[PDB]
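Chain residues, written in single-letter form:
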Protein chains: 2
Amino acid sequence: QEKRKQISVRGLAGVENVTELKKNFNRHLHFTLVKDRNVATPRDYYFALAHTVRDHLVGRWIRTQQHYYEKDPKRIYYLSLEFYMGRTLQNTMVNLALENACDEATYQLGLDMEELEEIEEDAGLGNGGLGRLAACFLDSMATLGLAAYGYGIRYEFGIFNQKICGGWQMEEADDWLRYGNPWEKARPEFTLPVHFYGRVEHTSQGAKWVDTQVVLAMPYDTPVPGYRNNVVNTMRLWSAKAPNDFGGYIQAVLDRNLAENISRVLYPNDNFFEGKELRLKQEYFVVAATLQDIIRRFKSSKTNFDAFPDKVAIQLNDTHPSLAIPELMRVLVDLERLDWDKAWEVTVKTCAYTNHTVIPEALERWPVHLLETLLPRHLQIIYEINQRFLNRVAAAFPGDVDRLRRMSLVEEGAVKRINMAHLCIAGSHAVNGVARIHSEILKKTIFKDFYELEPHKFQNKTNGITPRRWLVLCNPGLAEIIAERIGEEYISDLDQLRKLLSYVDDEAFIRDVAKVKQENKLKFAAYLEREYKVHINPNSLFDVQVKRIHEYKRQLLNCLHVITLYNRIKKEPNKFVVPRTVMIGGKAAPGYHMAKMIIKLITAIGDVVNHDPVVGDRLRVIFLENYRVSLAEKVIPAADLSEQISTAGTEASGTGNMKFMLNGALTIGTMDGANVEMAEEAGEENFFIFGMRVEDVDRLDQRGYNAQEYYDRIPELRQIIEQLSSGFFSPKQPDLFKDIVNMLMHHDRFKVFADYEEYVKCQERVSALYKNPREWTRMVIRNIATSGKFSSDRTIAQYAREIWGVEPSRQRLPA
Amino acid sequence: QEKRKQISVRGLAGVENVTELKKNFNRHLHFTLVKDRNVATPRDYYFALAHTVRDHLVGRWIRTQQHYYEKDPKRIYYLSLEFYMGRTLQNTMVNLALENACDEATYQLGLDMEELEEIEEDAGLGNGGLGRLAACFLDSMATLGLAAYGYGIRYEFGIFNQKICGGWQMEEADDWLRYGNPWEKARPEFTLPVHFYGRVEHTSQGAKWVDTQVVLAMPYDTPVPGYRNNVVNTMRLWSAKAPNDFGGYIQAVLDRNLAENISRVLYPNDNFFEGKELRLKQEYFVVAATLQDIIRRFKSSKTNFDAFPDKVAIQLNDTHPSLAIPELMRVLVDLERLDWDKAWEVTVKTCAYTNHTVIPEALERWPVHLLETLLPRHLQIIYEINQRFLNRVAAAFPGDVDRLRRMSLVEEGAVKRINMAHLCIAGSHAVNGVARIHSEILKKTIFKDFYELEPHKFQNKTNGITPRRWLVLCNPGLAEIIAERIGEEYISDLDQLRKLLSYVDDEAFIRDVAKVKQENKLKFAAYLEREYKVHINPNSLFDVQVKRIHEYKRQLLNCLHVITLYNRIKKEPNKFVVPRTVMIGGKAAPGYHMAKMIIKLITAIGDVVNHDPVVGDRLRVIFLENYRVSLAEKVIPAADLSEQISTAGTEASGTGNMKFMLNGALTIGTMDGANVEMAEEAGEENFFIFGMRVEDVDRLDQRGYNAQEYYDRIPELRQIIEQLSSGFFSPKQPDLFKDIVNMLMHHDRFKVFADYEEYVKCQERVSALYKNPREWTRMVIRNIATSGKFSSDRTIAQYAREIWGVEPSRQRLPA
């Protein structure tokens with residue numbers, strides 16, 4: 001489009017720069033791709049552009065790392081099993097101010113850059129919120145000029161590709177590397193050994209871990225560009241490789257696959273501990289290889305380890321990399337020969353832990369037998385940490401034996417386990433939750449005893465999202481109308497969006513916000529038509545619930561509301577209702593039966609609603625296939641209503657909530673997670689808040705939740721449960737949804753029925769405001785304008801100042 | 001060295017070319033390797049040079065393939081399970097006339113190009129002679145301007161790396177891709193499906209192969225440059241990939257490894273049929289994917305398949321790709337719907353078979369049950385081919401039922417099998433052996449009945465070696481002294497070496513041939529000192545036997561001679577003997593017990609001989625570790641004496657024999673394989689020929705070989721067998737060599753003792769000539785001068801004119 005090249009936030013199309021981009025495009029098509037224009041495909045053109053853009057990172061990548069060596073700042077190591085990065089081409093162009101130049105160069109070559117961008121595979125190396133937070137954090141750490149290093153695993157297969165077949169989720173391997181990854185640099189020369197199994201000999205000058213099996217860790221380094229500051233940081237992802245030296249010869253070569261399976265595939269558990277040995281091996285793999293780099297780089301700076309916490313921070317993204325605590329102790333004591341007490345002082349000052357969930361089934365609780373077999377020296381070190389930690393508890397709280405049992409790292413029972421959260425708190429100088437309400441409940445309840453011992457350890461760091469990917473990349477139209485009024489500083493100073501409150505009565509700004517939303521809705525409809533031949537009514541409210549499928553996130557409550565809308569149309573067909581397209585998307589864990597039944601229920605509801613001639617285009621319910629970072633970038637800018645309807649107390653923070661608020665959707669939600677802070681920033685009058693608060697959920701727990709009472713008192717709810725039970729939504733298999741009904745009626749931990757009446761009433765208010773386009777858009781302006789707190793730049797600045805002890809800077813490196 | 005840059009055969013160091021090479025080297029170090037001079041290692045510098053040199057192939061690679069599309073010549077498909085390519089950097093520089101320019105550019109950058117060349121991994125995708133012949137053939141087909149396509153498998157692990165530990169072979173995985181392969185281009189867009197298992201439904205319009213398991217074949221294309229003719233051909237190697245769509249989800253992802261194991265590792269059997277299913281899958285994998293390319297490219301030329309054999313040749317390197325015969329029939333009949341008779345006419349005119357061995361245990365004889373399960377439609381087609389073929393036999397030779405049983409493709413017994421050689425002869429218009437003596441024995445004996453049916457099918461194509469890798473690359477000093485007298489035309493017209501017979505009395509040429517040998521000996525000694533801290537006496541005759549370890553190649557006969565030399569020194573210590581360094585190298589198949597015992601015997605003989613103070617430096621025996629193409633390039637130019645001592649009738653051709661003759665070694669050998677033709681070309685007076693001829697071996701077989709008779713009649717032999725038996729060469733384990741003694745005395749198929757006396761006497765004559773350096777060197781000149789027949793250019797010109805029906809050309813493509 002000619003239109004999109006006039007977007008000033010996308011930079012300058014300099015004549016020499018355009019000429020050079022075309023030259024290098026053609027150079028890569030020839031020398032790199034070994035193609036000519038006769039045979040070249042759109043994929044070949046995508047790769048020629050990707051190589052051309054990647055070359056623009058290299059000088060800044062080398063100079064940035066040279067700068068950190070020379071200036072010797074404190075280094076931040078961000079350890080995560082997940083980095084949900086998405087696509088890289090657009091993000092690179094945005095951060096280097098190359099987007100308009102590349103759009104013009106490709107146009108001059110007879111190509112549409114947006115078609116080329118759709119060829120790129122997502123780097124889907126995460127499940128959901130935690131993994132995407134790691135990705136936004138890498139972006140903000142580079143934008144803030146921090147000497148920050150993301151460390152994780154290079155999964156051969158990321159989160160599975162979801163296909164919907166006969167209304168059911170099917171899973172296929174996410175072969176994201178099939179055509180190569182042009183962004184990464186393989187570093188085989190920097191391969192390190194990781195040890196497993198073996199035994200401890202206690203001997204010579206102390207303990208020695210012997211007779212181990214080795215797996216090599218081969219690093220792949222990916223550039224992480226800051227926003228227009230010439231900073232390019234590194235994400236290092238480890239790949240498993242069989243060791244150099246060793247059923248017979250052929251079988252021994254094939255059996256190299258077993259070690260190499262450590263990095264083969266992302267475990268698709270979101271919020272659930274499965275306890276597989278292979279997952280424990282992945283966790284140790286990342287920790288062991290990463291801490292070897294940390295120690296080596298420390299020793300090569302400007303051995304005495306008193307200075308180690310002044311030069312190193314290790315941030316633990318959940319408990320997944322918790323083995324960093326005993327691994328650091330193992331290296332410092334067994335290899336560097338530090339006294340235990342000195343080693344422990346260093347470890348606690350180096351490490352900090354971010355907690356992401358309250359749900360008990362999420363908590364990592366590894367059997368001691370498994371740790372004994374796989375990591376015998378680490379289990380010895382965990383026991384020693386536990387003895388010394390509980391000695392501190394016993395001294396602070398003399399005779400409180402109940403408190404000792406509650407705080408122990410060792411959990412008793414038929415299977416003895418290590419509570420990895422307790423290990424992280426003991427071994428960390430800072431423990432944070434991820435929204436105000438969550439961090440408070442860690443202090444008040446979940447970790448109350450630990451808070452009472454060491455109150456100074458407990459912090460809050462409300463989550464955030466990067467306004468590069470989640471505004472400038474995905475919604476250039478909105479980014480442009482904002483920049484037209486307040487300039488471009490807001491892109492790395494998002495609190496400047498508050499200036500937009502000056503425009504709540506500005507006719508041109510009201511017109512333009514609505515125009516941009518409508519453009520985004522047309523573009524999303526065009527995507528569904530092009531990729532799926534699915535039609536949506538463009539004259540409908542786009543009601544969107546996208547996130548992983550879980551009982552706690554209550555996609556089932558949304559289902560009850562969609563059926564309510566359907567039954568109310570059938571009862572009073574002549575009554576006008578605001579037309580809606582209700583879109584639900586997200587992946588279910590392959591083993592999570594209830595979540596897979598919920599996906600089938602959503603499609604089955606569509607099979608009735610979307611074909612009923614009385615309804616026609618007044619209501620449609622669609623299941624958005626294969627929800628992932630690139631799809632979020634398409635649907636979130638199109639959304640009118642953001643569904644954030646978790647049971648109060650269950651969602652620690654959320655981040656999709658923030659993405660919707662930044663992109664001009666109004667929110668319907670509970671007072672849960674960061675929704676509380678979003679409502680505070682915008683004013684509750686600008687949010688559709690409904691349902692039980694935490695205190696109400698707790699009062700129901702005290703007397704007992706009886707779903708039958710709700711069924712007995714609410715006729716419209718009874719009608720729906722009877723439709724589900726009798727086969728109205730599965731006439732070929734009338735008992736198909738029996739397990740959902742049984743769960744709702746008798747075993748619902750998430751109290752769906754208890755929020756049904758307030759939710760339906762709140763949804764009526766949504767429809768009432770949508771009937772007034774001017775007031776809808778003015779309320780949207782009040783939301784976009786107060787979204788600034790939810791920048792991950794704010795979040796990272798707080799981590800830097802309050803945990804890591806480093807001062808952020810938006811100052812440019814030279815060219 | 002300044003010296004080596006004055007070698008005119010290595011081309012011009014043009015000022016602009018040197019400037020451009022340095023610029024692009026530095027460009028690749030920055031943009032490709034993401035390194036600076038501060039961190040760069042010798043490996044990084046090797047890769048910067050490799051990328052710089054590879055870029056010089058690309059324009060010619062694209063133009064060559066465009067030229068074949070435009071001119072539409074007949075295409076030659078060379079199918080092999082092995083391509084023993086060696087290293088690529090030097091070969092590329094030689095063939096593009098870039099060697100002196102690259103040597104000067106690297107020198108100006110403060111680097112030694114020869115040190116950089118030693119960093120490159122061999123592409124060790126073969127076992128020995130057959131695989132190396134495929135590699136020399138790709139080089140000669142490009143030099144002769146043929147539209148030739150090599151097709152094979154991209155093994156992740158080639159022939160195992162051999163370590164010698166306590167005197168024994170140990171095997172390690174050959175991880176040749178650890179640091180990447182800069183020469184290949186991955187072509188994931190050209191991935192094709194290969195089918196396995198399933199069943200035949202006979203139905204609709206005929207047979208259909210259904211319910212199969214799919215493995216994808218992903219091609220990697222490697223350039224194959226001709227010698228200074230601007231021709232760059234392609235070697236396409238297929239890599240196994242699991243199919244797009246599918247113990248649970250995690251196990252299903254891990255289980256992708258099973259399909260991917262098809263291309264994991266080269267079977268290290270040289271001359272032995274093991275019958276593993278995985279090997280049959282590799283063979284079908286190559287054939288199925290390759291023939292899909294052949295059919296698609298035929299259809300896109302300038303469907304009627306009458307023209308198919310005018311546009312396609314398929315050359316079968318041994319029986320390994322024999323399934324090409326029934327696969328072509330399957331495609332033509334089941335997919336293209338040709339009449340059987342028409343399909344068979346086309347298949348026989350397209351296919352030709354090269355036989356490489358006479359040893360019965362080498363012959364591929366697949367169980368029918370295995371073929372039925374894995375390839376049910378192919379087994380049906382093989383049975384139909386067999387019925388129609390035997391009907392022809394029965395018509396030509398009425399009532400010769402014995403002949404029908406002998407010629408059948410089906411072998412009867414406790415396990416019914418398919419004789420793949422018989423399938424290849426039935427389905428090929430040409431069958432060739434690989435030296436005159438071998439091709440004659442195919443007609444006279446091995447395939448006598450097939451010869452009697454179709455005499456016109458049987459041909460000879462004496463093997464050859466490329467004089468690029470095996471003279472100009474590996475022995476630039478010799479190449480230069482030759483070019484000083486006869487110019488450079490001989491490099492792709494090797495019969496011009498006959499002009500050197502004019503120099504047998506030329507004092508300067510005699511001086512220079514000896515000088516070059518001595519330089520090569522110093523360089524090889526320096527290699528053993530640098531890499532192994534092994535000293536060799538530079539004032540010794542270098543007696544070299546390098547080839548795979550087999551009983552038929554009689555490394556054991558060489559052992560008997562080394563012990564003879566040792567015992568004769570001990571008996572008469574004051575008697576002068578020509579000092580020797582006896583070098584033996586080669587790999588044993590991991591399952592071949594006798595070959596592994598022979599390696600241990602060679603090292604054990606060294607353990608005594610090399611430490612005996614009476615012997616000191618008069619005799620040394622060393623086992624050259626990890627013999628492979630790059631080591632051949634080092635040791636062969638250093639050799640004085642070439643050991644080619646197979647039992648008469650056992651070595652079909654040989655090619656190492658040829659390499660030694662071209663590089664200035666004299667040969668000691670039997671009248672076996674190509675040794676017969678080498679002696680004919682040079683004159684038998686210039687060869688150390690000894691031992692039984694084939695007719696003598698056959699006469700011993702008729703009366704029975706009794707090793708005891710030799711033992712009883714030859715005291716020096718009895719002394720050695722008693723030393724082996726009593727533990728003289730294994731004092732810590734006196735019975736260690738019992739199995740070798742038992743085999744020699746009672747079960748020796750290769751008649752070692754029957755050639756012992758003639759071999760020792762012949763070796764005396766070698767020593768007598770070595771005492772006369774002038775006459776030694778004059779005999780060497782007579783050998784180098786008559787080595788021209790053994791160019792693979794001669795071999796390929798014969799394949800082209802006599803089998804493929806194409807005329808070779810040494811004419812240049814434009815720049």
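Reading guide: rules and limits
Residues numbered from 1 in each chain as written, not as in the entry; some residues may be left out. Chains lettered and ligands numbered in written order. Heavy atoms only, no water. Helix = DSSP H or I, 4+ residues; strand = E, 2+ residues; numbered from the N terminus. Rg over C-alpha atoms; globule rule 2.2 N^0.38 Å. Buried < 20%, exposed > 50% of the residue type's maximum accessible area, 1.4 Å probe, protein only. Areas by Shrake-Rupley, 256 points an atom, 1.4 Å probe, with all protein chains shown as cover. Least-squares fit on C-alpha atoms. Core = buried A, V, L, I, M, F, W, Y, C linked by side-chain atoms within 4.5 Å. Contact = heavy atoms within 4.5 Å. Pairing = 2+ DSSP bridges. Expected span 1.5 Å × (residues − 1). Polar contact = N/O pair within 3.5 Å; in protein donor to acceptor, adjacent residues only side chain to side chain. Buried area = accessible area lost by both parts, 1.4 Å probe. Salt bridge = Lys/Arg side-chain N within 4 Å of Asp/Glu carboxyl O. Nonpolar A, V, L, I, M, F, W, Y, C, P; charged D, E, K, R; others polar. Axes fitted to C-alpha atoms, helices over the stretch in contact; angles between N-to-C directions. Parallel < 35°, antiparallel > 145°, perpendicular 65-115°, else oblique. Disulfide = S-S within 2.5 Å. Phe/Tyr/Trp six-rings, centres within 6.5 Å; stacked < 30°, edge-to-face > 60°. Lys NZ or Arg CZ within 6 Å of the ring centre and 35° of its normal.

Its PDB header attributes the entry to X-ray crystallography and lists the resolution as 1.4500 Å.

**Points about the overall build of chain A**
From N to C terminus, chain A includes 33 helices and 25 strands. The C-alpha radius of gyration of chain A comes to 27 Å, within 12% of the 28 Å expected for a compact globule of 815 residues. The principal-axis extent of the C-alpha atoms belonging to chain A is close to 90 × 75 × 60 Å. Here chain A, with 815 residues, has 65% of them falling under the buried criterion. Total accessible area computed for chain A in this model is approximately 29,900 Å², and 50% of it derives from carbon and sulfur atoms.

**A short note on the relation of the copies chain B and chain A**
Mapping chain B onto chain A leaves a residual RMSD of 0.0 Å; the transformation is a rotation of 180 degrees accompanied by 0.0 Å of translation along its axis. This pairing of chains is accounted for by a two-fold axis. Closest approach to the rotation axis among the C-alpha atoms of chain B is made by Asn257(B), whose C-alpha sits 3.6 Å away.

**A few points about the nonpolar core**
The biggest cluster of nonpolar side chains holds 261 residues, and the ones touching the most others in it are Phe196(A), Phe285(A), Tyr490(A), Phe524(A), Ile721(A), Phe753(A) and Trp804(A). Among the elements that line this core, the one with the most residues is helix α9 (residues 277-299) of chain A, at 12 residues. Apart from residues no more than four positions distant in its own chain, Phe196(A) is found in contact with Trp209(A), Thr212(A), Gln213(A), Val215(A), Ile262(A), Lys281(A), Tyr284(A), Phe285(A), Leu374(A) and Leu375(A). If you look at the next biggest cluster of nonpolar residues, it comprises 260 residues, including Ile76(B), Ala142(B), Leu291(B) and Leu390(B).

**Observations regarding the sheet that holds strand β24 (residues 666-669) of chain B**
Residues and elements named next belong to chain B. Taken in spatial order, the six strands make up an open sheet running β22-β21-β20-β23-β24-β25, and their pairing is parallel. Each edge of the open sheet is held by one strand with a lone partner, namely β22 (619-624) and β25 (688-689). Where β24 meets β25, two bridges bridge the pair, whose relative direction is parallel. Its bridge partner being in β25, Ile668 is matched across the sheet by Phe688.

**A word on the pairing of strand β6 (residues 168-172) of chain B**
On a regular strand, one side chain projects to one face of the sheet and the next to the other, so that they alternate. Residues and elements named next belong to chain B. Relative to β6, strand β5 (residues 161-165) is paired through five bridges, and the arrangement is antiparallel. Counted as the bridge partner of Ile164 is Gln169 from β6. Between β5 and β6, which pair antiparallel in sequence order, lie two residues; one of them, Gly166, sits at a positive phi of approximately 55 degrees.

**A few points about unusual backbone geometry**
The backbone of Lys533(A) shows a phi angle near 50 degrees, a positive value even though the residue is not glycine. With respect to the helices, strands and loops of the structure, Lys533(A) is situated in the loop between α21 (507-532) and β20 (541-546). Its identity as a non-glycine residue notwithstanding, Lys751(B) has a phi of 55 degrees, on the positive side. Mapped onto the elements, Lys751(B) comes out in the loop between α30 (738-746) and α31 (756-770). In this structure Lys751(B) comes out as buried when scored by relative accessible area, which is 4%.

**Section: α21(A)**
Residue and element names in this part refer to chain A. The end-to-end C-alpha distance of α21, which contains 26 residues, comes to 37 Å, matching closely the 38 Å that a straight helix rising 1.5 Å per residue would cover. Within α21 the residues assigned to the buried category are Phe509, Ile510, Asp512, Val513, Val516, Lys517, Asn520, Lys521, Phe524, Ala525, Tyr527 and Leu528. Its side-chain oxygen 3.2 Å from the backbone nitrogen of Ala508, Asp506 forms the N-cap of α21.

**Some points on the interface of chain B and chain A**
Between chain B and chain A, the residue contacts involve 50 residues of the former and 50 residues of the latter. In total, about 4,400 Å² of surface goes out of reach between chain B and chain A, with carbon and sulfur atoms giving 59% of it. Between the two partners, chain B and chain A, sit six salt bridges. For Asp175(A), the salt bridge goes to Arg256(B), with nearest N and O atoms at 4.0 Å. Going through the elements one at a time, α1 (15-32), α2 (42-71), β6, α7 (249-254) and α8 (256-260) of chain B are the ones with two or more residues in the side of chain B that touches chain A. Looking at the side of chain B that touches chain A residue by residue, the class counts come to 23 nonpolar, nine polar and 18 charged.

**Examining the environment of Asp139(A)**
Residue and element names in this part refer to chain A. Tracing the sequence through the fold places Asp139 in helix α6 (residues 129-143). Since its relative accessible area comes to 6%, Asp139 is described here as buried. For the pair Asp139 and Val58, spaced 81 residues apart in sequence, the C-alpha to C-alpha distance is 17 Å. Ignoring any residue separated from it by four or fewer positions in sequence, one finds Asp139 in contact with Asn91, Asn95, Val224, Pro225, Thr466 and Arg468. There is a polar contact of 2.6 Å between the side chain of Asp139 and the side chain of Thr466.

**Comments concerning the pairing of strand β9 (residues 199-202) of chain B**
Residue and element names in this part refer to chain B. Taken together, the four bridges between β9 and strand β10 (residues 207-210) define a ladder with antiparallel strand orientation. Bridged to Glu201 within β10 is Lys208. Taking the residues that link successive antiparallel strands as the turn, the β9-β10 hairpin has four residues, and the phi of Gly206 there is positive, at about 140 degrees.

**A few points about the sheet that holds β20(A)**
Taking strand neighbours across the sheet as the criterion, the six strands line up as β22-β21-β20-β23-β24-β25 (chain A) in an open arrangement whose pairing is parallel. Taken across any chain shown, the strands that pair with only one partner, and hence form the sheet edges, are β22 (619-624) and β25 (688-689) of chain A.

**Section: the packing of helix α21 (residues 507-532) of chain B against helix α32 (residues 773-784) of chain B**
Each packed pair of helices is defined by two parameters, the angle between the axes and the distance between the axes. All names here are of chain B. Interaxial distance between α21 and α32 falls to 10 Å at its minimum, and their mutual angle equals 90 degrees. Relative to α32, the element α21 lies roughly perpendicular. The segment α21 lies against α32, with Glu507, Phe509, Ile510, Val513 and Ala514 engaging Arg774, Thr777, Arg778, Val780 and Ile781. Residues belonging to the contact of α21 with α32 are distributed by class as follows: six nonpolar, one polar and three charged.

**What about the state of the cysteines?**
Residue and element names in this part refer to chain B. Under the defined criterion, the tally for this structure stands at zero disulfides over all chains. With no disulfide partner, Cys136 has as its closest neighbouring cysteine sulfur the one in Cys474, 11 Å distant. Looking at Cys136, the relative accessible area reads 1%, which means it is buried. For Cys474, a relative accessible area of 12% translates into the label buried.

**Focus on the packing of aromatic side chains**
For the structure on display, the rule yields 54 aromatic pairs over all chains. Both rings, one in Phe160(A) and one in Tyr249(B), keep their centres 5.9 Å apart while their planes meet at 70 degrees; by these two values the pair is edge-to-face. You can see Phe160(A) sitting in the loop between β4 (148-153) and β5 (161-165) and its partner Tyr249(B) sitting in helix α7, one on each of two chains. Measuring from centroid to centroid gives 6.1 Å for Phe447(B) and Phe450(B), while their planes differ by 90 degrees, and the two rings are edge-to-face. As far as burial versus exposure is concerned, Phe447(B) and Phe450(B) are alike and both buried. In this structure an aromatic cluster arises from ring pairing among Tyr68(A), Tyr77(A), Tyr149(A), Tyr151(A) and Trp238(A). The aromatic ring of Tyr107(A) is capped on one face by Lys5(A), whose charged end is 4.4 Å from the ring centroid. When the ring centre of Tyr179(B) is taken as reference, the NZ or CZ atom of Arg43(B) above it lies at 3.7 Å.

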